[PDB]
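As stored in my_file-v2.cif (mmCIF, C-alpha atoms and all ligand atoms):
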```cif
data_coords
#
loop_
_atom_site.label_atom_id
_atom_site.label_comp_id
_atom_site.auth_asym_id
_atom_site.auth_seq_id
_atom_site.Cartn_x
_atom_site.Cartn_y
_atom_site.Cartn_z
CA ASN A 1 -133.01 -47.41 48.57
CA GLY A 2 -134.94 -50.26 50.16
CA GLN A 3 -131.82 -52.41 50.50
CA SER A 4 -130.22 -53.19 53.85
CA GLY A 5 -127.35 -55.23 52.44
CA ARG A 6 -124.27 -53.46 51.07
CA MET A 7 -121.99 -53.86 48.09
CA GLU A 8 -118.30 -52.96 48.29
CA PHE A 9 -116.43 -52.30 45.06
CA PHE A 10 -112.73 -52.56 44.29
CA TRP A 11 -110.45 -51.72 41.40
CA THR A 12 -106.93 -52.31 40.25
CA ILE A 13 -104.86 -51.57 37.23
CA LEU A 14 -103.79 -54.57 35.30
CA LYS A 15 -100.45 -53.95 33.57
CA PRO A 16 -100.00 -55.09 29.87
CA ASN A 17 -98.67 -58.65 30.31
CA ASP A 18 -99.98 -59.28 33.77
CA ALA A 19 -103.02 -61.36 34.69
CA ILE A 20 -105.76 -61.07 37.30
CA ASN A 21 -106.96 -64.19 39.16
CA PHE A 22 -110.35 -64.38 40.82
CA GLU A 23 -111.32 -67.25 43.07
CA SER A 24 -114.63 -67.20 44.90
CA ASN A 25 -117.27 -69.44 46.37
CA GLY A 26 -119.87 -66.69 46.95
CA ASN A 27 -120.92 -63.04 47.36
CA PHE A 28 -118.81 -62.27 44.26
CA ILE A 29 -119.76 -59.33 42.06
CA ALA A 30 -117.89 -60.23 38.93
CA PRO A 31 -116.37 -58.08 36.30
CA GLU A 32 -117.87 -58.45 32.81
CA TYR A 33 -116.50 -55.22 31.24
CA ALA A 34 -113.18 -53.52 31.96
CA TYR A 35 -111.65 -50.27 30.65
CA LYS A 36 -108.55 -49.92 28.49
CA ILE A 37 -106.69 -46.71 29.34
CA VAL A 38 -106.14 -45.58 25.75
CA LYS A 39 -105.15 -41.99 26.14
CA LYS A 40 -103.41 -40.66 29.24
CA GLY A 41 -103.09 -36.88 29.25
CA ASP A 42 -103.73 -33.85 31.38
CA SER A 43 -107.38 -33.61 32.20
CA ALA A 44 -109.61 -32.89 35.16
CA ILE A 45 -112.86 -33.61 36.92
CA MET A 46 -114.55 -30.24 37.15
CA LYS A 47 -117.29 -30.00 39.77
CA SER A 48 -120.02 -27.94 38.10
CA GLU A 49 -123.80 -27.81 37.93
CA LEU A 50 -123.96 -26.57 34.40
CA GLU A 51 -124.29 -28.41 31.09
CA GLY A 52 -123.11 -25.11 25.42
CA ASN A 53 -122.10 -26.28 21.92
CA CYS A 54 -119.38 -23.66 21.94
CA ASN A 55 -115.60 -23.95 21.93
CA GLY B 1 -93.81 14.62 41.44
CA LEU B 2 -90.29 13.44 42.24
CA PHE B 3 -88.58 15.66 39.73
CA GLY B 4 -90.61 18.88 40.02
CA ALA B 5 -91.58 19.18 36.31
CA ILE B 6 -94.96 17.57 35.52
CA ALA B 7 -97.49 19.52 37.63
CA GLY B 8 -94.48 21.32 39.03
CA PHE B 9 -92.58 24.22 37.57
CA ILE B 10 -94.40 23.42 34.35
CA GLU B 11 -97.92 23.84 35.75
CA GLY B 12 -100.07 21.90 33.29
CA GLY B 13 -99.99 19.85 30.13
CA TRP B 14 -100.97 20.86 26.63
CA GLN B 15 -104.12 19.50 25.03
CA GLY B 16 -102.54 21.03 21.89
CA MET B 17 -99.54 18.72 21.56
CA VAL B 18 -100.97 15.47 20.29
CA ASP B 19 -98.21 13.73 18.36
CA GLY B 20 -96.28 12.81 21.52
CA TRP B 21 -95.89 12.90 25.31
CA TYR B 22 -93.17 15.55 25.64
CA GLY B 23 -92.30 18.42 23.35
CA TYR B 24 -92.09 22.11 22.57
CA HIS B 25 -94.28 25.09 21.94
CA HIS B 26 -92.42 27.76 20.01
CA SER B 27 -93.37 31.36 19.25
CA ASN B 28 -91.59 33.57 16.74
CA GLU B 29 -92.36 36.07 13.95
CA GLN B 30 -93.06 33.32 11.42
CA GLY B 31 -95.72 32.02 13.81
CA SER B 32 -96.33 29.62 16.71
CA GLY B 33 -97.17 25.91 17.05
CA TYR B 34 -96.72 22.65 19.03
CA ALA B 35 -94.24 19.88 18.20
CA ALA B 36 -93.31 16.68 19.95
CA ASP B 37 -89.72 15.75 20.75
CA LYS B 38 -89.62 12.49 18.80
CA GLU B 39 -86.47 11.26 20.46
CA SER B 40 -87.43 11.59 24.11
CA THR B 41 -90.93 10.38 23.31
CA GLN B 42 -89.71 7.26 21.57
CA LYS B 43 -87.33 6.54 24.45
CA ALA B 44 -90.21 6.72 26.92
CA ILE B 45 -92.44 4.58 24.72
CA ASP B 46 -89.71 1.96 24.50
CA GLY B 47 -89.16 2.11 28.26
CA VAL B 48 -92.80 1.79 29.22
CA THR B 49 -93.45 -0.88 26.63
CA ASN B 50 -90.51 -2.97 27.83
CA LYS B 51 -91.78 -2.41 31.38
CA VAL B 52 -95.24 -3.65 30.55
CA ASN B 53 -93.83 -6.60 28.64
CA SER B 54 -91.41 -7.36 31.51
CA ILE B 55 -94.23 -7.43 34.06
CA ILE B 56 -96.30 -9.86 31.98
CA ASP B 57 -93.13 -11.91 31.32
CA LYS B 58 -92.14 -12.26 35.00
CA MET B 59 -95.54 -13.81 35.68
CA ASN B 60 -95.42 -16.84 33.34
CA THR B 61 -94.16 -19.18 36.03
CA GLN B 62 -97.10 -18.27 38.30
CA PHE B 63 -99.06 -20.83 40.39
CA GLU B 64 -101.90 -22.74 38.65
CA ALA B 65 -104.57 -24.33 40.84
CA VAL B 66 -105.53 -27.94 40.18
CA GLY B 67 -108.75 -29.74 41.03
CA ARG B 68 -108.17 -32.43 43.64
CA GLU B 69 -110.69 -34.59 45.41
CA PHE B 70 -110.74 -36.03 48.90
CA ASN B 71 -113.05 -38.19 51.06
CA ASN B 72 -114.50 -37.81 54.60
CA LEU B 73 -111.46 -39.34 56.18
CA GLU B 74 -109.01 -37.17 54.26
CA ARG B 75 -110.18 -33.87 55.75
CA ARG B 76 -106.68 -32.98 56.93
CA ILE B 77 -104.92 -33.21 53.62
CA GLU B 78 -108.00 -31.68 52.01
CA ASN B 79 -107.53 -28.64 54.21
CA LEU B 80 -103.75 -28.72 53.75
CA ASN B 81 -104.36 -28.74 49.99
CA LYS B 82 -106.79 -25.87 50.26
CA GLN B 83 -104.38 -23.80 52.41
CA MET B 84 -101.67 -24.52 49.92
CA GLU B 85 -103.78 -23.33 47.00
CA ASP B 86 -105.10 -20.25 48.73
CA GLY B 87 -101.59 -19.74 50.03
CA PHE B 88 -100.09 -19.38 46.60
CA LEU B 89 -103.12 -17.55 45.22
CA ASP B 90 -102.72 -14.93 47.96
CA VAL B 91 -98.97 -14.63 47.36
CA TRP B 92 -99.29 -14.14 43.63
CA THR B 93 -102.17 -11.70 44.04
CA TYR B 94 -99.97 -9.65 46.34
CA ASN B 95 -97.11 -9.90 43.85
CA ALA B 96 -99.24 -8.65 40.93
CA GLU B 97 -100.96 -5.91 42.90
CA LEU B 98 -97.74 -4.63 44.44
CA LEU B 99 -95.73 -4.80 41.29
CA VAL B 100 -98.36 -2.72 39.52
CA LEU B 101 -98.56 -0.19 42.36
CA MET B 102 -94.75 0.15 42.56
CA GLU B 103 -94.08 0.40 38.86
CA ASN B 104 -96.98 2.81 38.39
CA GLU B 105 -95.36 5.16 40.85
CA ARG B 106 -92.03 4.80 39.10
CA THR B 107 -93.69 5.36 35.72
CA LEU B 108 -95.26 8.65 36.71
CA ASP B 109 -91.89 9.82 38.09
CA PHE B 110 -90.21 8.48 34.91
CA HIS B 111 -92.29 10.80 32.77
CA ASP B 112 -91.57 13.63 35.24
CA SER B 113 -87.86 12.87 34.80
CA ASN B 114 -88.03 12.77 30.98
CA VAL B 115 -89.65 16.20 30.99
CA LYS B 116 -87.20 17.73 33.45
CA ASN B 117 -84.36 16.31 31.29
CA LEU B 118 -85.89 17.81 28.14
CA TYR B 119 -86.13 21.20 29.78
CA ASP B 120 -82.52 20.89 30.91
CA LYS B 121 -81.48 19.83 27.36
CA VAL B 122 -82.72 23.16 26.01
CA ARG B 123 -81.54 25.20 28.98
CA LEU B 124 -78.00 23.85 28.73
CA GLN B 125 -77.92 24.77 25.08
CA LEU B 126 -79.34 28.28 25.39
CA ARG B 127 -77.35 29.43 28.45
CA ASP B 128 -77.23 33.23 28.54
CA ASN B 129 -78.63 33.44 24.99
CA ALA B 130 -82.12 33.23 26.55
CA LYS B 131 -83.95 34.04 29.80
CA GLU B 132 -85.53 31.38 32.03
CA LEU B 133 -89.14 32.50 32.45
CA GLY B 134 -89.49 29.79 35.07
CA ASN B 135 -92.55 28.05 33.66
CA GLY B 136 -90.88 25.77 31.15
CA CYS B 137 -90.37 28.68 28.77
CA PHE B 138 -87.20 30.40 27.69
CA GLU B 139 -87.44 33.95 26.31
CA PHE B 140 -84.73 34.44 23.70
CA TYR B 141 -82.26 37.33 23.75
CA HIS B 142 -82.04 37.12 19.94
CA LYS B 143 -84.00 36.32 16.81
CA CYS B 144 -84.90 32.72 16.52
CA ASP B 145 -86.42 31.85 13.18
CA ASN B 146 -88.07 28.52 12.43
CA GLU B 147 -84.71 26.98 11.47
CA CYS B 148 -83.22 28.22 14.74
CA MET B 149 -86.22 26.77 16.58
CA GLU B 150 -85.49 23.49 14.82
CA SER B 151 -81.85 23.58 15.98
CA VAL B 152 -82.89 23.92 19.58
CA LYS B 153 -85.33 21.04 19.14
CA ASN B 154 -82.74 18.67 17.56
CA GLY B 155 -79.79 19.59 19.81
CA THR B 156 -77.74 21.50 17.20
CA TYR B 157 -78.09 25.04 18.58
CA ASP B 158 -75.06 27.08 17.56
CA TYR B 159 -74.64 29.07 20.76
CA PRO B 160 -71.75 31.30 19.63
CA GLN B 161 -73.54 32.24 16.35
CA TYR B 162 -76.16 34.13 18.34
CA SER B 163 -73.85 34.87 21.25
CA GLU B 164 -73.02 38.41 20.18
CA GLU B 165 -76.51 39.55 19.25
CA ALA B 166 -77.71 37.97 22.48
CA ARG B 167 -75.10 39.69 24.64
CA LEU B 168 -75.86 43.06 23.09
CA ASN B 169 -79.61 42.61 23.79
CA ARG B 170 -78.92 41.62 27.38
CA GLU B 171 -76.88 44.71 28.07
CA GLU B 172 -79.35 47.43 26.89
CA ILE B 173 -81.48 45.64 29.55
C1 LIG C 201 -100.02 -63.27 29.78
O1 LIG C 201 -99.96 -63.71 28.39
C2 LIG C 201 -98.67 -63.73 27.72
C3 LIG C 201 -98.80 -64.39 26.32
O2 LIG C 201 -99.55 -65.63 26.23
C4 LIG C 201 -97.47 -64.27 28.58
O3 LIG C 201 -96.25 -63.88 27.97
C5 LIG C 201 -95.51 -65.01 27.46
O4 LIG C 201 -94.52 -65.31 28.47
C6 LIG C 201 -93.51 -66.30 28.10
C7 LIG C 201 -92.73 -66.73 29.36
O5 LIG C 201 -93.63 -67.10 30.43
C8 LIG C 201 -92.67 -65.86 26.86
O6 LIG C 201 -91.58 -66.81 26.54
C9 LIG C 201 -93.74 -65.64 25.70
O7 LIG C 201 -93.23 -65.35 24.38
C10 LIG C 201 -94.84 -64.59 26.10
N1 LIG C 201 -95.80 -64.35 25.00
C11 LIG C 201 -96.11 -63.11 24.49
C12 LIG C 201 -97.11 -63.17 23.38
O8 LIG C 201 -95.63 -62.04 24.89
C13 LIG C 201 -97.54 -63.66 30.02
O9 LIG C 201 -96.40 -63.96 30.86
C14 LIG C 201 -98.94 -63.94 30.67
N2 LIG C 201 -99.00 -63.44 32.02
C15 LIG C 201 -99.47 -64.14 33.09
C16 LIG C 201 -99.36 -63.28 34.31
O10 LIG C 201 -99.90 -65.30 33.07
#
```
Written as structure tokens, how would this file's structure read?
Amino acid sequence: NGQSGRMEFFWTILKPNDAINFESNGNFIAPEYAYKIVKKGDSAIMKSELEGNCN
Amino acid sequence: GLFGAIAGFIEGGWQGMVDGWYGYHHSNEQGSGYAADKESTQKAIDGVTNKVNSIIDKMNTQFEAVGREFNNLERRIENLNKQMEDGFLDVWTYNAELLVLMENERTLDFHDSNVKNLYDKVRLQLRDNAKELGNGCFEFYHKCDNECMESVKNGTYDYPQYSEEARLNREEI
């Protein structure tokens, strides 16, 4: 895509009274938004090519 | 089949009997007609229904495949995971196919057995009071009115009541 540099992304789960500490002096791609895991349940990532308003 | 009745010594079923699986066709002076043996029919219905329900029941703890994703350097466990899934899918497909094949065979022979038992139920009542035609039919050595027909059908045949008139009719023969 025109770019010859690379970006490497990382993730972690931050437990409810824990804290995450970033320290950087460059090349940092900073979080702005994170995601609260509100509902854990049984779900799935279905690989499909389709997109039906039915139930 | 296994018991020699269905498509055996009774060569053919009756389109005419429609209120059950097994039963009787009588023929006297008052007239003829088909009737189902309610008791042996209900027993078979209960047996087959429990069988069907038992087969469906035994399969509730069957394997359920789950989507799992892997990357280019996880090809081994990807393949392991696939073999595991196909592995159980193949086992349970065998189990369902085989169970159906095996119990089908037993079911056909079960009906054969219910029929052969019904024939024997009548035979053991009639004894020498009737002649085994050898086709599922018994020719009586006495007069069997509709009420008498009903006694054979509900297992209350009074053998000695007809014993004498039967014996006399056997001996002029
Ligand atoms: C994240 O924030 C909370 C709250 O400001 C910290 O929990 C406090 O911890 C002290 C002891 O260090 C307790 O006596 C307080 O009552 C706690 N407050 C609450 C509101 O629960 C927590 O330890 C912080 N975590 C880090 C990793 O800094």
Kindly determine which residues of chain A lie within 10 Å of chain B, considering all atoms listed in the file, and give the answer as a VMD selection string.
-> chain A and resid 43 to 47
Give the centre and edge lengths of an axis-aligned box, in Å to one decimal, that holds all listed atoms of range 22-30 of chain A with 6 Å on each side, as lines of an AutoDock Vina configuration file.
```
center_x = -115.6
center_y = -64.4
center_z = 43.1
size_x = 22.6
size_y = 22.1
size_z = 20.4
```
Given a cut-off of 9 Å, what residues near ligand LIG 201 (chain C) show up using all atoms listed in the file, put as a PDB file with C-alpha atoms, in the frame of the given file?
```pdb
ATOM      1  CA  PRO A  16    -100.000 -55.090  29.870  1.00  0.00           C
ATOM      2  CA  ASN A  17     -98.670 -58.650  30.310  1.00  0.00           C
ATOM      3  CA  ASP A  18     -99.980 -59.280  33.770  1.00  0.00           C
ATOM      4  CA  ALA A  19    -103.020 -61.360  34.690  1.00  0.00           C
ATOM      5  CA  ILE A  20    -105.760 -61.070  37.300  1.00  0.00           C
TER       6      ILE A  20
END
```
Hey, can you check how far CA of residue 34 in chain A sits from CA of residue 50 in chain A?
->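 Separation of CA of residue 34 in chain A and CA of residue 50 in chain A: 29.1 Å.
Taking CA of residue 24 in chain A and CA of residue 71 in chain B as endpoints, the distance between them is 29.7 Å.
Reported to one decimal place, the separation of CA of residue 149 in chain B from CA of residue 25 in chain B is 9.8 Å.
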List the spatial neighbours of range 11-18 of chain B as an mmCIF file with C-alpha atoms, keeping the file's coordinate frame - criterion: any atom at most 10 Å away, only C-alpha atoms, same-chain residues fewer than 2 positions off excluded.
```cif
data_model
loop_
_atom_site.group_PDB
_atom_site.id
_atom_site.type_symbol
_atom_site.label_atom_id
_atom_site.label_comp_id
_atom_site.auth_asym_id
_atom_site.auth_seq_id
_atom_site.Cartn_x
_atom_site.Cartn_y
_atom_site.Cartn_z
ATOM 1 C CA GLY B 4 -90.610 18.880 40.020
ATOM 2 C CA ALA B 5 -91.580 19.180 36.310
ATOM 3 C CA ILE B 6 -94.960 17.570 35.520
ATOM 4 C CA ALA B 7 -97.490 19.520 37.630
ATOM 5 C CA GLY B 8 -94.480 21.320 39.030
ATOM 6 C CA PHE B 9 -92.580 24.220 37.570
ATOM 7 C CA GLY B 20 -96.280 12.810 21.520
ATOM 8 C CA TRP B 21 -95.890 12.900 25.310
ATOM 9 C CA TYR B 22 -93.170 15.550 25.640
ATOM 10 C CA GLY B 23 -92.300 18.420 23.350
ATOM 11 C CA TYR B 24 -92.090 22.110 22.570
ATOM 12 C CA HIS B 25 -94.280 25.090 21.940
ATOM 13 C CA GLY B 33 -97.170 25.910 17.050
ATOM 14 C CA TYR B 34 -96.720 22.650 19.030
ATOM 15 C CA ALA B 35 -94.240 19.880 18.200
ATOM 16 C CA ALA B 36 -93.310 16.680 19.950
ATOM 17 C CA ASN B 135 -92.550 28.050 33.660
ATOM 18 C CA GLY B 136 -90.880 25.770 31.150
#
```
Radius query 12 Å about (-93.5, 37.2, 25.3), atoms used: only C-alpha atoms, as a list in words = residues 26, 27, 28, 29, 32, 131, 132, 133, 137, 138, 139, 140 and 141 of chain B
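Between residue 120 in chain B and the residues B:64, B:3, B:53, B:90, the shortest atom-to-atom distance, using all atoms listed in the file, involves B:3.
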Could you get me a file of range 16-48 of chain A with N, CA, C and O atoms, as a PDB file, in the first residue's frame, taken from the block above?
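Result file result38.pdb:
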```
ATOM      1  N   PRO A  16      -9.706  -4.996  36.390  1.00  0.00           N
ATOM      2  CA  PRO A  16     -10.471  -3.933  37.059  1.00  0.00           C
ATOM      3  C   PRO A  16      -9.836  -2.986  38.077  1.00  0.00           C
ATOM      4  O   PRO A  16     -10.430  -1.931  38.273  1.00  0.00           O
ATOM      5  N   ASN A  17      -8.754  -3.311  38.762  1.00  0.00           N
ATOM      6  CA  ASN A  17      -8.150  -2.264  39.599  1.00  0.00           C
ATOM      7  C   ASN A  17      -6.695  -2.115  39.297  1.00  0.00           C
ATOM      8  O   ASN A  17      -5.957  -1.560  40.086  1.00  0.00           O
ATOM      9  N   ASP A  18      -6.311  -2.605  38.126  1.00  0.00           N
ATOM     10  CA  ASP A  18      -4.938  -2.614  37.684  1.00  0.00           C
ATOM     11  C   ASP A  18      -4.725  -1.362  36.851  1.00  0.00           C
ATOM     12  O   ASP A  18      -5.686  -0.685  36.484  1.00  0.00           O
ATOM     13  N   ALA A  19      -3.470  -1.067  36.530  1.00  0.00           N
ATOM     14  CA  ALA A  19      -3.157   0.108  35.729  1.00  0.00           C
ATOM     15  C   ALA A  19      -2.123  -0.243  34.670  1.00  0.00           C
ATOM     16  O   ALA A  19      -1.294  -1.128  34.865  1.00  0.00           O
ATOM     17  N   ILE A  20      -2.173   0.456  33.543  1.00  0.00           N
ATOM     18  CA  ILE A  20      -1.210   0.224  32.478  1.00  0.00           C
ATOM     19  C   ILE A  20      -0.313   1.463  32.371  1.00  0.00           C
ATOM     20  O   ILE A  20      -0.798   2.593  32.434  1.00  0.00           O
ATOM     21  N   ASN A  21       0.999   1.238  32.286  1.00  0.00           N
ATOM     22  CA  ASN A  21       1.991   2.314  32.238  1.00  0.00           C
ATOM     23  C   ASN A  21       2.758   2.329  30.946  1.00  0.00           C
ATOM     24  O   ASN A  21       3.475   1.382  30.645  1.00  0.00           O
ATOM     25  N   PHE A  22       2.599   3.391  30.165  1.00  0.00           N
ATOM     26  CA  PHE A  22       3.369   3.542  28.942  1.00  0.00           C
ATOM     27  C   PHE A  22       4.504   4.517  29.180  1.00  0.00           C
ATOM     28  O   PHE A  22       4.303   5.581  29.767  1.00  0.00           O
ATOM     29  N   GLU A  23       5.693   4.176  28.709  1.00  0.00           N
ATOM     30  CA  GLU A  23       6.768   5.151  28.668  1.00  0.00           C
ATOM     31  C   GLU A  23       7.470   5.001  27.354  1.00  0.00           C
ATOM     32  O   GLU A  23       7.888   3.900  26.995  1.00  0.00           O
ATOM     33  N   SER A  24       7.549   6.107  26.611  1.00  0.00           N
ATOM     34  CA  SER A  24       8.164   6.086  25.290  1.00  0.00           C
ATOM     35  C   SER A  24       8.805   7.393  24.885  1.00  0.00           C
ATOM     36  O   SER A  24       8.329   8.462  25.248  1.00  0.00           O
ATOM     37  N   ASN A  25       9.861   7.295  24.082  1.00  0.00           N
ATOM     38  CA  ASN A  25      10.518   8.481  23.572  1.00  0.00           C
ATOM     39  C   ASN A  25      10.490   8.476  22.030  1.00  0.00           C
ATOM     40  O   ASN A  25      11.260   9.189  21.385  1.00  0.00           O
ATOM     41  N   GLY A  26       9.622   7.650  21.444  1.00  0.00           N
ATOM     42  CA  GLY A  26       9.434   7.634  19.997  1.00  0.00           C
ATOM     43  C   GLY A  26       8.842   6.368  19.385  1.00  0.00           C
ATOM     44  O   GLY A  26       8.830   5.300  20.015  1.00  0.00           O
ATOM     45  N   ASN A  27       8.373   6.490  18.142  1.00  0.00           N
ATOM     46  CA  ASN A  27       7.786   5.373  17.392  1.00  0.00           C
ATOM     47  C   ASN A  27       6.543   4.778  18.058  1.00  0.00           C
ATOM     48  O   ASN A  27       6.152   3.654  17.735  1.00  0.00           O
ATOM     49  N   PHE A  28       5.949   5.520  18.993  1.00  0.00           N
ATOM     50  CA  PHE A  28       4.837   5.032  19.807  1.00  0.00           C
ATOM     51  C   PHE A  28       3.512   5.225  19.104  1.00  0.00           C
ATOM     52  O   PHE A  28       3.186   6.339  18.727  1.00  0.00           O
ATOM     53  N   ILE A  29       2.725   4.164  18.936  1.00  0.00           N
ATOM     54  CA  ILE A  29       1.369   4.380  18.415  1.00  0.00           C
ATOM     55  C   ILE A  29       0.400   4.214  19.563  1.00  0.00           C
ATOM     56  O   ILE A  29       0.149   3.111  20.014  1.00  0.00           O
ATOM     57  N   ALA A  30      -0.093   5.344  20.058  1.00  0.00           N
ATOM     58  CA  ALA A  30      -0.721   5.402  21.362  1.00  0.00           C
ATOM     59  C   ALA A  30      -2.185   5.027  21.396  1.00  0.00           C
ATOM     60  O   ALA A  30      -2.947   5.347  20.486  1.00  0.00           O
ATOM     61  N   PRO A  31      -2.601   4.395  22.489  1.00  0.00           N
ATOM     62  CA  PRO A  31      -4.036   4.178  22.538  1.00  0.00           C
ATOM     63  C   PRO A  31      -4.738   5.504  22.804  1.00  0.00           C
ATOM     64  O   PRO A  31      -4.222   6.311  23.580  1.00  0.00           O
ATOM     65  N   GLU A  32      -5.882   5.714  22.152  1.00  0.00           N
ATOM     66  CA  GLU A  32      -6.835   6.763  22.519  1.00  0.00           C
ATOM     67  C   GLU A  32      -8.080   6.063  23.093  1.00  0.00           C
ATOM     68  O   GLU A  32      -8.482   6.345  24.224  1.00  0.00           O
ATOM     69  N   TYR A  33      -8.656   5.125  22.329  1.00  0.00           N
ATOM     70  CA  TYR A  33      -9.845   4.383  22.762  1.00  0.00           C
ATOM     71  C   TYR A  33      -9.530   2.939  23.128  1.00  0.00           C
ATOM     72  O   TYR A  33      -8.772   2.270  22.432  1.00  0.00           O
ATOM     73  N   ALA A  34     -10.108   2.469  24.227  1.00  0.00           N
ATOM     74  CA  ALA A  34     -10.022   1.062  24.599  1.00  0.00           C
ATOM     75  C   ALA A  34     -11.438   0.462  24.688  1.00  0.00           C
ATOM     76  O   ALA A  34     -12.435   1.189  24.593  1.00  0.00           O
ATOM     77  N   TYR A  35     -11.523  -0.849  24.894  1.00  0.00           N
ATOM     78  CA  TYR A  35     -12.813  -1.529  24.883  1.00  0.00           C
ATOM     79  C   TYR A  35     -13.124  -2.232  26.203  1.00  0.00           C
ATOM     80  O   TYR A  35     -12.387  -3.144  26.633  1.00  0.00           O
ATOM     81  N   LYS A  36     -14.218  -1.812  26.835  1.00  0.00           N
ATOM     82  CA  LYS A  36     -14.715  -2.500  28.018  1.00  0.00           C
ATOM     83  C   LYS A  36     -15.409  -3.797  27.596  1.00  0.00           C
ATOM     84  O   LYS A  36     -16.341  -3.779  26.778  1.00  0.00           O
ATOM     85  N   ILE A  37     -14.989  -4.909  28.188  1.00  0.00           N
ATOM     86  CA  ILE A  37     -15.648  -6.186  27.926  1.00  0.00           C
ATOM     87  C   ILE A  37     -16.871  -6.229  28.837  1.00  0.00           C
ATOM     88  O   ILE A  37     -16.759  -6.496  30.038  1.00  0.00           O
ATOM     89  N   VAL A  38     -18.017  -5.850  28.280  1.00  0.00           N
ATOM     90  CA  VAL A  38     -19.268  -5.728  29.026  1.00  0.00           C
ATOM     91  C   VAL A  38     -19.981  -7.059  29.203  1.00  0.00           C
ATOM     92  O   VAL A  38     -20.349  -7.451  30.314  1.00  0.00           O
ATOM     93  N   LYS A  39     -20.206  -7.737  28.090  1.00  0.00           N
ATOM     94  CA  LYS A  39     -20.826  -9.031  28.172  1.00  0.00           C
ATOM     95  C   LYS A  39     -19.930 -10.136  27.624  1.00  0.00           C
ATOM     96  O   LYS A  39     -19.648 -10.183  26.424  1.00  0.00           O
ATOM     97  N   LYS A  40     -19.509 -11.037  28.508  1.00  0.00           N
ATOM     98  CA  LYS A  40     -18.858 -12.275  28.093  1.00  0.00           C
ATOM     99  C   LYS A  40     -19.947 -13.326  27.950  1.00  0.00           C
ATOM    100  O   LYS A  40     -20.842 -13.412  28.780  1.00  0.00           O
ATOM    101  N   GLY A  41     -19.905 -14.103  26.880  1.00  0.00           N
ATOM    102  CA  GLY A  41     -20.864 -15.184  26.714  1.00  0.00           C
ATOM    103  C   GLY A  41     -20.352 -16.187  25.708  1.00  0.00           C
ATOM    104  O   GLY A  41     -19.164 -16.173  25.361  1.00  0.00           O
ATOM    105  N   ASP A  42     -21.217 -17.061  25.207  1.00  0.00           N
ATOM    106  CA  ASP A  42     -20.717 -17.962  24.190  1.00  0.00           C
ATOM    107  C   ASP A  42     -21.126 -17.383  22.854  1.00  0.00           C
ATOM    108  O   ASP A  42     -22.307 -17.128  22.573  1.00  0.00           O
ATOM    109  N   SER A  43     -20.104 -17.145  22.045  1.00  0.00           N
ATOM    110  CA  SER A  43     -20.278 -16.545  20.745  1.00  0.00           C
ATOM    111  C   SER A  43     -19.289 -17.191  19.799  1.00  0.00           C
ATOM    112  O   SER A  43     -18.711 -18.240  20.119  1.00  0.00           O
ATOM    113  N   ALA A  44     -19.114 -16.584  18.630  1.00  0.00           N
ATOM    114  CA  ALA A  44     -18.253 -17.169  17.626  1.00  0.00           C
ATOM    115  C   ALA A  44     -17.914 -16.190  16.520  1.00  0.00           C
ATOM    116  O   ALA A  44     -18.638 -15.222  16.290  1.00  0.00           O
ATOM    117  N   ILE A  45     -16.806 -16.443  15.833  1.00  0.00           N
ATOM    118  CA  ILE A  45     -16.498 -15.677  14.644  1.00  0.00           C
ATOM    119  C   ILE A  45     -16.683 -16.606  13.460  1.00  0.00           C
ATOM    120  O   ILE A  45     -15.840 -17.435  13.148  1.00  0.00           O
ATOM    121  N   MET A  46     -17.794 -16.440  12.781  1.00  0.00           N
ATOM    122  CA  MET A  46     -18.169 -17.302  11.677  1.00  0.00           C
ATOM    123  C   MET A  46     -17.526 -16.769  10.407  1.00  0.00           C
ATOM    124  O   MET A  46     -17.746 -15.624  10.035  1.00  0.00           O
ATOM    125  N   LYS A  47     -16.768 -17.602   9.710  1.00  0.00           N
ATOM    126  CA  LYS A  47     -16.190 -17.164   8.443  1.00  0.00           C
ATOM    127  C   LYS A  47     -17.239 -17.410   7.368  1.00  0.00           C
ATOM    128  O   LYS A  47     -17.557 -18.553   7.062  1.00  0.00           O
ATOM    129  N   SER A  48     -17.790 -16.336   6.807  1.00  0.00           N
ATOM    130  CA  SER A  48     -18.804 -16.458   5.759  1.00  0.00           C
ATOM    131  C   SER A  48     -18.766 -15.282   4.805  1.00  0.00           C
ATOM    132  O   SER A  48     -18.332 -14.201   5.172  1.00  0.00           O
TER     133      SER A  48
END
```
